[PDB]
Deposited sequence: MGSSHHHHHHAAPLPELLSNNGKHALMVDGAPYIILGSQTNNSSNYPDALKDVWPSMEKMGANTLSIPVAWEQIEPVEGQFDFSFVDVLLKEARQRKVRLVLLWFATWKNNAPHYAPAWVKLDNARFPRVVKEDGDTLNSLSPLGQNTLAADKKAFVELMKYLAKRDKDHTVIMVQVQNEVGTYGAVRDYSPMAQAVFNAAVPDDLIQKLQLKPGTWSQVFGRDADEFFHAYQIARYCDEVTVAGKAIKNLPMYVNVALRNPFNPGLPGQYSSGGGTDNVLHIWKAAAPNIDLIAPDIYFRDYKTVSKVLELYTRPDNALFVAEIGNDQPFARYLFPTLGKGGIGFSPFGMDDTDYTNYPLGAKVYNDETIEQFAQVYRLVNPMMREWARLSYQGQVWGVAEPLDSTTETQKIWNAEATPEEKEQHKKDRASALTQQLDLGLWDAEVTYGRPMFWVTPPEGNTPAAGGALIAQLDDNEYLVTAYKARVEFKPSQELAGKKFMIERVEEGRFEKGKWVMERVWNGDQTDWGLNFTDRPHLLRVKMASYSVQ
């Protein structure tokens, strides 16, 4: 069985699993489900969701509760139960940092500050965040991580585990960096040549080179070097893909480092992280912004020639489900809503106020569009041209409903324009619209709540794979046609069996007169367009 691998070529990416591109249609447990007794409350949600991959913590405190005394009993049960359900796993190594803090480090780590030191603020107070310059802390984390990877090397030959997250939301809240004597000695000293070279900057100390950014860039660099060393040590045992997940700063209006988690892979320090940690496969955003513009900005910033897009976490409230479409449209390798278990917890206001079957169903509905073509989509995303869009107005607020005669008419025109998206597919364009009948051309009014989206993959110059949700998709020529006319040549609904297209029916007549109209039900279409002479 070939190792999973992240491939990067011509600014595109694939997560290879069993020798072909793979899409993580993911779900992540709540933070306290990493025990055998809790798995009963995880699997039903995962089945209801139709997820193909489970993200779940493996805690340093549980594998090494007494120094040198390893316990992999949780990993044994998890591997067995995952294999029984024919799903894959992403293990989340909760160790030196989990949300900036050492709460998941063993008692013998997190209660020994002298051996395993904390960030010291400028004012001399201590924060509950382990310093990335703690050399004992790095050696201990690395040692335990190596034992976890040795367990997988010996006990996971078919790679049930496809990827490992190293730490969880690293950084520091309440200070920009470590100002300890140990840290100041490194801050005051030369910026390492390797960083100075990769960023093409003039040599000097951190303050000289980075000015107003020296504190933040220094924390980012030391944490990236720490995480890179743990990653290299684990890969030397078994070379799985490994990644870090970011406690995002607001990309538009971030405020100050330490209000957000300073030193994590935030948008302003991706250049430091990529320079400092070449062994970490990707930097994954954890998305809890609900509003379309900010989520779209995060997807743009984290999709780079040097960075595969993996939405390692997203809120589990209804508005987040539609972001699967732009994630995959950007060539994303996966998408993993957070808190998908029945362990009596909700992270509202980040996620759903209520966790029930309806919560899960909002993600199940969009996964049902991708599951039937997962391997074909993954190959097209890597090897070719894909597109994906989500409904670009958020649900109307109570404010807007009350606080909104000729204006009503104007407001409806502005919303209809905003709810109309253009995609350039080469010789053909698609126009995607949201919240309108399946017949005639009444302008779009949006879904209540906002929920729609569309996926398109190019099969050939004039042929597209299309699936969409609570939306209309219409094709037109991309360029003026010089006397020719155009039509849909053929729309087929079907599926892939053993990688071969099987037609179920032809969409025609009402079904293609008014664009291609999708509801909540899955339909996978092959759309062939034609220009023709009327000479």
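No C-alpha positions are given in the record for the deposited-sequence stretches 1 to 11, 416 to 419.
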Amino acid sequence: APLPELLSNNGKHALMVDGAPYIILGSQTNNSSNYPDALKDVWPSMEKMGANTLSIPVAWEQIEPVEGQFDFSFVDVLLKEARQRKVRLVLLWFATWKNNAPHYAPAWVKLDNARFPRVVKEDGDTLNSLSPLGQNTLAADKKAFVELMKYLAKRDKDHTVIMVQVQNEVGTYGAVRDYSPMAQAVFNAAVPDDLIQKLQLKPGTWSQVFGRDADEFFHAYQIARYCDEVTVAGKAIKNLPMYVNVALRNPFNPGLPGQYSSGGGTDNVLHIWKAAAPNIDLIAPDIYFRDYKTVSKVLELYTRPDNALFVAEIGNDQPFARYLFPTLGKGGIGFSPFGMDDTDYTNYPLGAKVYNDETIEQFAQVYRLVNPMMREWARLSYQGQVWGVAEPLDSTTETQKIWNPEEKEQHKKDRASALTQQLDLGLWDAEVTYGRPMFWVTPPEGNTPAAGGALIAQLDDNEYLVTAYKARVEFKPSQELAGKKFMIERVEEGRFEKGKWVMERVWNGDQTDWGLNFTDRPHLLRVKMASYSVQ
From here on, numbers count along this sequence of modelled residues.
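Of the other structures of this protein that model both sides of residue 401, a third or more give it no coordinates.
Averaged over their C-alpha atoms, the temperature factors of 125 to 133 and 163 to 171 are higher for 125 to 133. For the pair 406 to 414 and 142 to 150, the record assigns the higher mean C-alpha temperature factor to 406 to 414. When the C-alpha B-factors of 37, 497, 474, 493 are read from the PDB record, the largest value belongs to 497.
Across the options 424, 229, 361, 391, the residue with the most elevated CA B-factor in the record is 229. Per the PDB record, residue ranking by Cα B-factor puts residue 200 in the highest third of the chain. Residue 523: CA B factor lies in the lowest third for its chain, per the PDB record. Remark: residue 298 belongs to the middle third of its chain, ranked by C-alpha B-factor as recorded. Among all modelled residues in this chain, the alpha-carbon of residue 176 has a temperature factor (C-alpha) in the highest third. Per the PDB record, residue ranking by Cα B-factor puts residue 304 in the middle third of the chain.
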